[PDB]
Amino acid sequence: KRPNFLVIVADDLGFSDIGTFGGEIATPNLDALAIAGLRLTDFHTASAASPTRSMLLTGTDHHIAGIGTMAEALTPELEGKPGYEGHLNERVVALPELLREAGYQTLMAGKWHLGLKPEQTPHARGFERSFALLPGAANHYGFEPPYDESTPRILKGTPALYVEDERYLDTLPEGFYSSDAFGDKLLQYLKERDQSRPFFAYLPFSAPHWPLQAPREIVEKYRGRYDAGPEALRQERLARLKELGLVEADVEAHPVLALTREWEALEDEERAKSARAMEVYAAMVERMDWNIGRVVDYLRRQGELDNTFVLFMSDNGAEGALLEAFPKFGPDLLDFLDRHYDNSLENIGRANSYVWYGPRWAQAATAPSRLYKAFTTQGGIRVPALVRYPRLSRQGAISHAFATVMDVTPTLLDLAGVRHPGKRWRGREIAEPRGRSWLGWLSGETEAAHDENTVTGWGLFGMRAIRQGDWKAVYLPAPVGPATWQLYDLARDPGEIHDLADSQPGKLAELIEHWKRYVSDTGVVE
Ligand SMILES: [Ca+2]
């Protein structure tokens with residue numbers, strides 16, 4: 001029989017957060033899947049949420065699929081540019097659209113971030129059943145601030161805007177907490193399914209994305225765990241990554257860069273609030289894991305899990321952003337939060353708190369990689385991923401084989417026996433995948449789905465990367481980089497520390513040719 005699919009996406013989860021990826025956070029359900037499956041150390045997304053999601057569900061690049069930049073970042077200049085529509089566009093066909101016409105039941109519960117309008121919903125784009133947060137974020141409990149002209153832009157852009165199928169919801173249920181509600185709905189849809197046909201189940205959490213919020217009883221489990229701070233944590237993560245074989249023992253970690261005060265420079269009250277944010281974060285991840293368990297355990301008891309291809313991934317690097325640092329997110333975010341929320345120590349994590357853990361906590365989870373979410377360095381794009389499917393040969397191991405989010409759609413089509421329709425679908429021109437099916441690799445026929453000549457690009461927020469084999473060039477503009485192409489050998493320098501631009505000018509030049517072709521193939525506009 002054709003397999004089921006369960007595609008689970010964490011939101012801004014960091015590389016070493018989960019237990020089997022070197023973390024101290026309780027993730028038993030994921031860990032059971034991970035150790036019996038295949039853990040990926042060289043799996044890549046885009047550097048931010050909607051770009052990644054557009055790639056996941058198409059098998060092509062975000063600049064083609066409609067999210068050339070984030071909608072919330074769109075300009076009048078970028079306006080009519082193809083692929084910069086700000087929603088999944090009609091130049092692509094989505095994975096669920098293809099499966100659904102081939103007899104799969106398409107079921108989703110979670111964050112969408114691929115369009116706000118009726119014709120852009122999961123219902124519109126291939127899901128027979130869906131319960132979805134349409135924006136990029138929202139209050140986990142559905143506590144909404146006043147909305148008027150004076151509301152910070154980052155809050156105006158993140159209302160708790162939910163749909164079920166075609167119905168825009170006017171209320172949320174009592175006791176609504178995002179991760180629990182997604183677990184509840186997806187379980188509902190699975191229990192309500194036609195058991196005589198396969199399913200494609202999509203479970204995009206909004207945890208552990210800001211605002212950091214979680215049940216108090218889970219936050220309590222972490223009381224005091226993070227009192228030694230983000231650098232002490234980074235060292236624990238690095239040690240554990242090397243003990244587990246996820247990173248080689250000789251790997252040189254990128255230095256931590258931030259403009260904030262280091263832990264030892266903070267006052268006791270400042271530390272206590274920052275540590276509490278990280279305790280809350282941990283609980284978000286544990287609670288997400290618990291919901292995943294509810295879904296997976298149900299499938300297991302049904303006798304369906306072993307014929308379910310289970311993919312878990314984060315959508316981008318850990319979130320190091322200081323939301324107060326960007327005037328576009330304002331005006332006066334901190335003041336608004338001071339007047340509308342309660343970020344007192346004892347209230348952090350509750351519905352009427354609103355915190356984010358910042359650059360030092362984030363870089364603890366991306367280490368040894370350079371930087372974090374919204375950068376084209378490895379910190380922003382290399383994400384934890386696991387595949388559990390016992391029909392595959394490559395299970396029980398850790399793989400450092402190059403892989404991307406664009407490989408997923410072709411892999412699942414392949415397993416489903418469903419052909420990509422080529423260049424036309426429903427009477428319109430569509431893009432063909434840029435990724436490659438993982439089947440030969442995971443079936444043990446080949447060592448990897450890519451090779452030394454594979455070329456992949458990235459570009460978002462003025463930053464660039466271009467990679468061929470294990471050679472990668474990066475471009476970070478001022479004030480966050482040198483506004484010049486830097487060149488790295490990822491096989492020797494996973495931390496992107498040693499710029500080889502001057503010593504290997506021919507390799508850089510080759511990569512710059514690839515970058516131009518990437519721009520041209522995908523329609524990148526800066
Ligand atoms: Ca994200």
# chains A, B, ... in the order shown; residues from 1 in each chain; ligands from 1
$ residues_near_ligand --ligand "ligand 1" --cutoff "8 Å" --atoms "only C-alpha atoms and all ligand atoms" --output "MDAnalysis selection string"
chainID A and resid 10:13 48:50 136 206 209 314:317 319 373
$ write_last_selection --atoms "C-alpha atoms" --output "PDB file, in the first residue's frame"
ATOM      1  CA  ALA A  10       8.572  23.503  14.503  1.00  0.00           C
ATOM      2  CA  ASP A  11       8.675  27.317  14.260  1.00  0.00           C
ATOM      3  CA  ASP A  12      12.145  28.892  15.068  1.00  0.00           C
ATOM      4  CA  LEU A  13      13.186  25.741  16.977  1.00  0.00           C
ATOM      5  CA  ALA A  48      12.831  32.648   7.549  1.00  0.00           C
ATOM      6  CA  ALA A  49       9.369  31.120   8.034  1.00  0.00           C
ATOM      7  CA  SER A  50       7.163  31.902   4.970  1.00  0.00           C
ATOM      8  CA  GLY A 136       3.297  34.404  10.857  1.00  0.00           C
ATOM      9  CA  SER A 206       3.724  28.036  15.962  1.00  0.00           C
ATOM     10  CA  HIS A 209       8.037  31.197  18.284  1.00  0.00           C
ATOM     11  CA  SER A 314      12.340  23.326  12.062  1.00  0.00           C
ATOM     12  CA  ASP A 315      11.594  26.054   9.466  1.00  0.00           C
ATOM     13  CA  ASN A 316      14.671  28.195  10.031  1.00  0.00           C
ATOM     14  CA  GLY A 317      17.478  28.871  12.563  1.00  0.00           C
ATOM     15  CA  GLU A 319      15.337  33.292  16.617  1.00  0.00           C
ATOM     16  CA  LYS A 373      17.363  33.142  11.859  1.00  0.00           C
TER      17      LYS A 373
END
$ select_by_dssp --residues "range 20-137 of chain A" --states "alpha helix (DSSP H)" --output "list in words"
residues 28, 29, 30, 31, 32, 33, 34, 35, 36, 49, 50, 51, 52, 53, 54, 55, 56, 62, 63, 64, 65, 95, 96, 97, 98, 99 and 100 of chain A
$ closest_residue --among "A:348, A:311, A:381, A:228" --to "residue 38 in chain A" --atoms "only C-alpha atoms"
A:311
$ select_by_dssp --residues "range 25-236 of chain A" --states "strand (DSSP E or B)" --output "list in words"
residues 38, 39, 40, 43, 44, 105, 106, 107, 108, 109, 110, 111, 129, 130, 131, 132, 133, 162, 163, 164, 167, 168, 199, 200, 201, 202, 203 and 204 of chain A
$ closest_atom_pairs --of "range 390-462 of chain A" --to "range 99-118 of chain A" --cutoff "10 Å" --atoms "only C-alpha atoms" --output "tab-separated table"
residue	atom	partner	partner_atom	distance
A:412	CA	A:99	CA	9.2
A:413	CA	A:99	CA	7.7
A:416	CA	A:99	CA	7.8
A:417	CA	A:102	CA	9.2
A:418	CA	A:102	CA	7.2
A:419	CA	A:99	CA	9.9
$ residues_around --residues "range 289-300 of chain A" --least-positions-apart "5" --cutoff "12 Å" --atoms "only C-alpha atoms" --output "VMD selection string"
chain A and resid 4 to 10 13 17 to 19 25 to 33 109 to 110 177 to 191 193 195 199 201 to 205 207 to 208 218 282 to 284 305 to 312 388
$ residues_around --residues "range 167-172 of chain A" --least-positions-apart "6" --cutoff "10 Å" --atoms "only C-alpha atoms" --output "PDB file with N, CA, C and O atoms, in the first residue's frame"
ATOM      1  N   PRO A 118      -9.204  34.344   1.302  1.00  0.00           N
ATOM      2  CA  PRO A 118      -9.974  33.094   1.083  1.00  0.00           C
ATOM      3  C   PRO A 118      -9.359  32.197   0.059  1.00  0.00           C
ATOM      4  O   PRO A 118      -9.154  31.009   0.304  1.00  0.00           O
ATOM      5  N   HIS A 123      -7.536  25.476   2.758  1.00  0.00           N
ATOM      6  CA  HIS A 123      -8.764  24.949   2.005  1.00  0.00           C
ATOM      7  C   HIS A 123      -8.648  25.196   0.496  1.00  0.00           C
ATOM      8  O   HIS A 123      -8.753  24.252  -0.330  1.00  0.00           O
ATOM      9  N   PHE A 131      -7.244  23.511  10.121  1.00  0.00           N
ATOM     10  CA  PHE A 131      -7.463  24.418  11.234  1.00  0.00           C
ATOM     11  C   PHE A 131      -6.166  25.244  11.278  1.00  0.00           C
ATOM     12  O   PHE A 131      -5.092  24.651  11.534  1.00  0.00           O
ATOM     13  N   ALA A 132      -6.218  26.518  10.897  1.00  0.00           N
ATOM     14  CA  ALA A 132      -4.959  27.265  10.606  1.00  0.00           C
ATOM     15  C   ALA A 132      -4.960  28.691  11.139  1.00  0.00           C
ATOM     16  O   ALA A 132      -5.966  29.409  11.102  1.00  0.00           O
ATOM     17  N   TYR A 141      -2.343  32.060  23.392  1.00  0.00           N
ATOM     18  CA  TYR A 141      -3.561  31.928  24.130  1.00  0.00           C
ATOM     19  C   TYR A 141      -4.703  32.715  23.503  1.00  0.00           C
ATOM     20  O   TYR A 141      -5.794  32.832  24.109  1.00  0.00           O
ATOM     21  N   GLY A 142      -4.417  33.402  22.414  1.00  0.00           N
ATOM     22  CA  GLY A 142      -5.442  34.285  21.795  1.00  0.00           C
ATOM     23  C   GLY A 142      -5.774  35.587  22.535  1.00  0.00           C
ATOM     24  O   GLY A 142      -6.813  36.188  22.255  1.00  0.00           O
ATOM     25  N   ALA A 160      -4.439  36.879  16.091  1.00  0.00           N
ATOM     26  CA  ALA A 160      -4.874  35.516  16.214  1.00  0.00           C
ATOM     27  C   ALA A 160      -6.014  35.253  15.230  1.00  0.00           C
ATOM     28  O   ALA A 160      -7.141  35.049  15.630  1.00  0.00           O
ATOM     29  N   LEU A 161      -5.626  35.153  14.000  1.00  0.00           N
ATOM     30  CA  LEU A 161      -6.533  35.020  12.832  1.00  0.00           C
ATOM     31  C   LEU A 161      -6.540  33.582  12.358  1.00  0.00           C
ATOM     32  O   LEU A 161      -5.620  33.091  11.638  1.00  0.00           O
ATOM     33  N   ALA A 181      -4.186  23.046  20.759  1.00  0.00           N
ATOM     34  CA  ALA A 181      -5.236  23.169  19.751  1.00  0.00           C
ATOM     35  C   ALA A 181      -4.862  22.500  18.429  1.00  0.00           C
ATOM     36  O   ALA A 181      -5.758  21.847  17.793  1.00  0.00           O
TER      37      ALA A 181
END
$ atom_distance --atom1 "CA of residue 522 in chain A" --atom2 "CA of residue 376 in chain A"
16.6 Å
$ residues_around --residues "residue 272 in chain A" --least-positions-apart "6" --cutoff "12 Å" --atoms "only C-alpha atoms" --output "PDB file with N, CA and C atoms, in the first residue's frame"
ATOM      1  N   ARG A 223      12.450  25.319  36.281  1.00  0.00           N
ATOM      2  CA  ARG A 223      12.850  26.356  37.242  1.00  0.00           C
ATOM      3  C   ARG A 223      14.316  26.204  37.629  1.00  0.00           C
ATOM      4  N   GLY A 224      15.090  27.234  37.359  1.00  0.00           N
ATOM      5  CA  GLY A 224      16.524  27.259  37.714  1.00  0.00           C
ATOM      6  C   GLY A 224      17.440  26.603  36.720  1.00  0.00           C
ATOM      7  N   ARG A 225      16.910  25.951  35.698  1.00  0.00           N
ATOM      8  CA  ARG A 225      17.769  25.215  34.723  1.00  0.00           C
ATOM      9  C   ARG A 225      18.726  26.067  33.955  1.00  0.00           C
ATOM     10  N   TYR A 226      18.406  27.338  33.786  1.00  0.00           N
ATOM     11  CA  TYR A 226      19.101  28.210  32.887  1.00  0.00           C
ATOM     12  C   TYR A 226      19.745  29.362  33.637  1.00  0.00           C
ATOM     13  N   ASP A 227      19.954  29.195  34.972  1.00  0.00           N
ATOM     14  CA  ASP A 227      20.474  30.279  35.769  1.00  0.00           C
ATOM     15  C   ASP A 227      21.905  30.549  35.409  1.00  0.00           C
ATOM     16  N   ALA A 228      22.601  29.582  34.816  1.00  0.00           N
ATOM     17  CA  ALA A 228      24.028  29.833  34.399  1.00  0.00           C
ATOM     18  C   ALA A 228      24.130  30.603  33.095  1.00  0.00           C
ATOM     19  N   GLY A 229      23.008  30.835  32.388  1.00  0.00           N
ATOM     20  CA  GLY A 229      23.016  31.711  31.267  1.00  0.00           C
ATOM     21  C   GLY A 229      23.310  31.105  29.903  1.00  0.00           C
ATOM     22  N   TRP A 263      26.004  37.881  29.977  1.00  0.00           N
ATOM     23  CA  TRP A 263      25.328  37.383  31.201  1.00  0.00           C
ATOM     24  C   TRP A 263      25.946  37.986  32.456  1.00  0.00           C
ATOM     25  N   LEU A 266      25.066  41.493  33.539  1.00  0.00           N
ATOM     26  CA  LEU A 266      23.666  41.769  33.889  1.00  0.00           C
ATOM     27  C   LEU A 266      23.469  41.813  35.397  1.00  0.00           C
ATOM     28  N   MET A 278      13.928  31.710  28.858  1.00  0.00           N
ATOM     29  CA  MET A 278      14.467  30.459  28.352  1.00  0.00           C
ATOM     30  C   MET A 278      13.776  29.239  28.984  1.00  0.00           C
ATOM     31  N   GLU A 279      13.371  29.331  30.248  1.00  0.00           N
ATOM     32  CA  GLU A 279      12.570  28.283  30.904  1.00  0.00           C
ATOM     33  C   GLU A 279      11.232  28.111  30.135  1.00  0.00           C
ATOM     34  N   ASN A 343       5.200  41.983  31.989  1.00  0.00           N
ATOM     35  CA  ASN A 343       6.393  41.186  31.780  1.00  0.00           C
ATOM     36  C   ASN A 343       7.208  41.050  33.077  1.00  0.00           C
ATOM     37  N   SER A 344       6.543  41.285  34.194  1.00  0.00           N
ATOM     38  CA  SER A 344       7.109  40.981  35.461  1.00  0.00           C
ATOM     39  C   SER A 344       7.629  39.516  35.448  1.00  0.00           C
ATOM     40  N   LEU A 345       8.652  39.275  36.232  1.00  0.00           N
ATOM     41  CA  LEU A 345       9.242  37.961  36.396  1.00  0.00           C
ATOM     42  C   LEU A 345       8.179  36.860  36.604  1.00  0.00           C
ATOM     43  N   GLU A 346       7.245  37.073  37.524  1.00  0.00           N
ATOM     44  CA  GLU A 346       6.352  36.017  37.886  1.00  0.00           C
ATOM     45  C   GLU A 346       5.308  35.770  36.762  1.00  0.00           C
ATOM     46  N   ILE A 348       5.993  36.175  33.168  1.00  0.00           N
ATOM     47  CA  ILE A 348       6.566  35.764  31.921  1.00  0.00           C
ATOM     48  C   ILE A 348       6.122  34.365  31.599  1.00  0.00           C
TER      49      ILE A 348
END
$ closest_residue --among "A:436, A:424, A:375, A:252" --to "residue 481 in chain A" --atoms "only C-alpha atoms"
A:375
$ closest_residue --among "A:281, A:143, A:425, A:458" --to "residue 525 in chain A" --atoms "only C-alpha atoms"
A:458
$ residues_around --residues "residue 508 in chain A" --least-positions-apart "4" --cutoff "12 Å" --atoms "only C-alpha atoms" --output "list in words"
residues 465, 466, 467, 468, 471, 472, 473, 474, 475, 484, 485, 486, 487, 488, 489, 499, 500, 501, 502, 503, 504, 512, 513, 514 and 515 of chain A
$ write_last_selection --atoms "N, CA and C atoms" --output "PDB file, in the first residue's frame"
ATOM      1  N   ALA A 465      23.553  33.743  -0.164  1.00  0.00           N
ATOM      2  CA  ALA A 465      24.487  32.638  -0.111  1.00  0.00           C
ATOM      3  C   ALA A 465      24.332  31.825  -1.407  1.00  0.00           C
ATOM      4  N   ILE A 466      25.422  31.212  -1.768  1.00  0.00           N
ATOM      5  CA  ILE A 466      25.477  30.306  -2.923  1.00  0.00           C
ATOM      6  C   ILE A 466      26.409  29.167  -2.592  1.00  0.00           C
ATOM      7  N   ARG A 467      25.928  27.943  -2.810  1.00  0.00           N
ATOM      8  CA  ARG A 467      26.700  26.757  -2.435  1.00  0.00           C
ATOM      9  C   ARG A 467      26.844  25.732  -3.574  1.00  0.00           C
ATOM     10  N   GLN A 468      28.039  25.241  -3.747  1.00  0.00           N
ATOM     11  CA  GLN A 468      28.281  24.131  -4.666  1.00  0.00           C
ATOM     12  C   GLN A 468      29.116  23.116  -3.947  1.00  0.00           C
ATOM     13  N   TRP A 471      31.385  23.906  -0.851  1.00  0.00           N
ATOM     14  CA  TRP A 471      31.855  25.307  -0.977  1.00  0.00           C
ATOM     15  C   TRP A 471      30.687  26.235  -0.909  1.00  0.00           C
ATOM     16  N   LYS A 472      30.812  27.252  -0.050  1.00  0.00           N
ATOM     17  CA  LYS A 472      29.733  28.194   0.151  1.00  0.00           C
ATOM     18  C   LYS A 472      30.264  29.605   0.225  1.00  0.00           C
ATOM     19  N   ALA A 473      29.669  30.473  -0.561  1.00  0.00           N
ATOM     20  CA  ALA A 473      29.893  31.910  -0.436  1.00  0.00           C
ATOM     21  C   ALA A 473      28.709  32.574   0.190  1.00  0.00           C
ATOM     22  N   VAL A 474      29.012  33.571   0.989  1.00  0.00           N
ATOM     23  CA  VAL A 474      28.056  34.341   1.753  1.00  0.00           C
ATOM     24  C   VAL A 474      28.255  35.867   1.525  1.00  0.00           C
ATOM     25  N   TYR A 475      27.162  36.594   1.532  1.00  0.00           N
ATOM     26  CA  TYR A 475      27.133  38.039   1.414  1.00  0.00           C
ATOM     27  C   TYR A 475      26.176  38.677   2.446  1.00  0.00           C
ATOM     28  N   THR A 484      30.702  42.323   1.531  1.00  0.00           N
ATOM     29  CA  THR A 484      31.531  41.679   0.525  1.00  0.00           C
ATOM     30  C   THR A 484      31.316  40.130   0.544  1.00  0.00           C
ATOM     31  N   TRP A 485      31.524  39.496  -0.597  1.00  0.00           N
ATOM     32  CA  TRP A 485      31.464  38.046  -0.657  1.00  0.00           C
ATOM     33  C   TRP A 485      32.544  37.398   0.169  1.00  0.00           C
ATOM     34  N   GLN A 486      32.138  36.504   1.079  1.00  0.00           N
ATOM     35  CA  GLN A 486      33.076  35.712   1.867  1.00  0.00           C
ATOM     36  C   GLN A 486      32.910  34.262   1.432  1.00  0.00           C
ATOM     37  N   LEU A 487      33.980  33.534   1.455  1.00  0.00           N
ATOM     38  CA  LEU A 487      34.019  32.186   1.004  1.00  0.00           C
ATOM     39  C   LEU A 487      34.467  31.198   2.062  1.00  0.00           C
ATOM     40  N   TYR A 488      33.653  30.151   2.200  1.00  0.00           N
ATOM     41  CA  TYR A 488      33.923  29.112   3.148  1.00  0.00           C
ATOM     42  C   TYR A 488      33.965  27.687   2.578  1.00  0.00           C
ATOM     43  N   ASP A 489      34.872  26.882   3.105  1.00  0.00           N
ATOM     44  CA  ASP A 489      34.868  25.455   2.919  1.00  0.00           C
ATOM     45  C   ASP A 489      34.155  24.803   4.081  1.00  0.00           C
ATOM     46  N   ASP A 499      37.546  33.111   6.043  1.00  0.00           N
ATOM     47  CA  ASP A 499      37.199  33.605   4.735  1.00  0.00           C
ATOM     48  C   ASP A 499      38.326  33.216   3.801  1.00  0.00           C
ATOM     49  N   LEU A 500      37.989  32.438   2.807  1.00  0.00           N
ATOM     50  CA  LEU A 500      38.982  31.996   1.762  1.00  0.00           C
ATOM     51  C   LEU A 500      38.901  32.814   0.478  1.00  0.00           C
ATOM     52  N   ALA A 501      38.185  33.960   0.506  1.00  0.00           N
ATOM     53  CA  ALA A 501      37.929  34.738  -0.707  1.00  0.00           C
ATOM     54  C   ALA A 501      39.228  35.115  -1.422  1.00  0.00           C
ATOM     55  N   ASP A 502      40.237  35.480  -0.651  1.00  0.00           N
ATOM     56  CA  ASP A 502      41.530  35.915  -1.216  1.00  0.00           C
ATOM     57  C   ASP A 502      42.458  34.778  -1.557  1.00  0.00           C
ATOM     58  N   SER A 503      42.383  33.678  -0.839  1.00  0.00           N
ATOM     59  CA  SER A 503      43.254  32.580  -1.113  1.00  0.00           C
ATOM     60  C   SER A 503      42.725  31.651  -2.220  1.00  0.00           C
ATOM     61  N   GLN A 504      41.404  31.697  -2.497  1.00  0.00           N
ATOM     62  CA  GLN A 504      40.731  30.855  -3.487  1.00  0.00           C
ATOM     63  C   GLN A 504      39.842  31.713  -4.370  1.00  0.00           C
ATOM     64  N   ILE A 512      30.239  33.046  -7.741  1.00  0.00           N
ATOM     65  CA  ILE A 512      29.534  34.228  -8.195  1.00  0.00           C
ATOM     66  C   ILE A 512      28.813  34.011  -9.530  1.00  0.00           C
ATOM     67  N   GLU A 513      29.397  33.225 -10.433  1.00  0.00           N
ATOM     68  CA  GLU A 513      28.643  32.821 -11.653  1.00  0.00           C
ATOM     69  C   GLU A 513      27.379  32.039 -11.330  1.00  0.00           C
ATOM     70  N   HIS A 514      27.505  31.083 -10.399  1.00  0.00           N
ATOM     71  CA  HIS A 514      26.316  30.377  -9.951  1.00  0.00           C
ATOM     72  C   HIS A 514      25.257  31.281  -9.360  1.00  0.00           C
ATOM     73  N   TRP A 515      25.690  32.293  -8.575  1.00  0.00           N
ATOM     74  CA  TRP A 515      24.770  33.254  -7.922  1.00  0.00           C
ATOM     75  C   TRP A 515      23.990  34.014  -8.962  1.00  0.00           C
TER      76      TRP A 515
END
$ closest_atom_pairs --of "range 35-150 of chain A" --to "range 329-332 of chain A" --cutoff "12 Å" --atoms "only C-alpha atoms" --output "tab-separated table"
residue	atom	partner	partner_atom	distance
A:72	CA	A:329	CA	9.8
A:73	CA	A:329	CA	10.2
A:149	CA	A:331	CA	9.9
A:150	CA	A:331	CA	7.4
$ write_last_selection --atoms "N, CA, C and O atoms" --output "tab-separated table (two decimals), in the first residue's frame"
chain	number	residue	atom	x	y	z
A	72	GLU	N	5.15	40.83	5.07
A	72	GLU	CA	5.15	41.89	6.05
A	72	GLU	C	6.27	42.92	5.78
A	72	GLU	O	6.31	43.96	6.42
A	73	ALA	N	7.15	42.58	4.84
A	73	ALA	CA	8.35	43.34	4.42
A	73	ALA	C	8.24	43.87	2.98
A	73	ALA	O	9.22	44.35	2.43
A	149	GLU	N	-4.37	52.60	15.15
A	149	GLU	CA	-3.25	53.17	14.49
A	149	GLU	C	-1.99	53.21	15.35
A	149	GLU	O	-0.88	53.09	14.84
A	150	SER	N	-2.14	53.34	16.64
A	150	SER	CA	-0.97	53.47	17.49
A	150	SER	C	-0.34	52.07	17.92
A	150	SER	O	0.79	51.99	18.46
$ closest_residue --among "A:397, A:407, A:23, A:194" --to "residue 57 in chain A" --atoms "only C-alpha atoms"
A:407
$ closest_atom_pairs --of "range 378-445 of chain A" --to "range 358-372 of chain A" --cutoff "8 Å" --atoms "only C-alpha atoms" --output "CSV"
residue,atom,partner,partner_atom,distance
A:378,CA,A:369,CA,5.6
A:379,CA,A:372,CA,4.2
A:380,CA,A:372,CA,4.2
A:381,CA,A:372,CA,7.8
$ write_last_selection --atoms "N, CA, C and O atoms" --output "mmCIF file, in the first residue's frame"
data_model
loop_
_atom_site.group_PDB
_atom_site.id
_atom_site.type_symbol
_atom_site.label_atom_id
_atom_site.label_comp_id
_atom_site.auth_asym_id
_atom_site.auth_seq_id
_atom_site.Cartn_x
_atom_site.Cartn_y
_atom_site.Cartn_z
ATOM 1 N N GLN A 378 25.024 29.590 7.989
ATOM 2 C CA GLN A 378 24.545 28.304 8.464
ATOM 3 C C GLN A 378 23.636 28.398 9.703
ATOM 4 O O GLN A 378 22.700 27.599 9.815
ATOM 5 N N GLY A 379 23.890 29.367 10.598
ATOM 6 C CA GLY A 379 22.986 29.588 11.732
ATOM 7 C C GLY A 379 21.554 29.835 11.357
ATOM 8 O O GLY A 379 20.666 29.434 12.086
ATOM 9 N N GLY A 380 21.340 30.513 10.226
ATOM 10 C CA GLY A 380 20.015 30.829 9.785
ATOM 11 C C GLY A 380 19.342 29.763 8.988
ATOM 12 O O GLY A 380 18.069 29.717 8.957
ATOM 13 N N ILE A 381 20.131 28.936 8.344
ATOM 14 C CA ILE A 381 19.587 27.991 7.367
ATOM 15 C C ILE A 381 19.721 26.448 7.636
ATOM 16 O O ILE A 381 19.041 25.601 7.011
#
$ atom_distance --atom1 "CA of residue 24 in chain A" --atom2 "CA of residue 280 in chain A"
13.5 Å
$ closest_residue --among "A:120, A:151, A:453, A:302" --to "residue 134 in chain A" --atoms "only C-alpha atoms"
A:120
$ closest_residue --among "A:96, A:384, A:157, A:421" --to "residue 405 in chain A" --atoms "only C-alpha atoms"
A:384
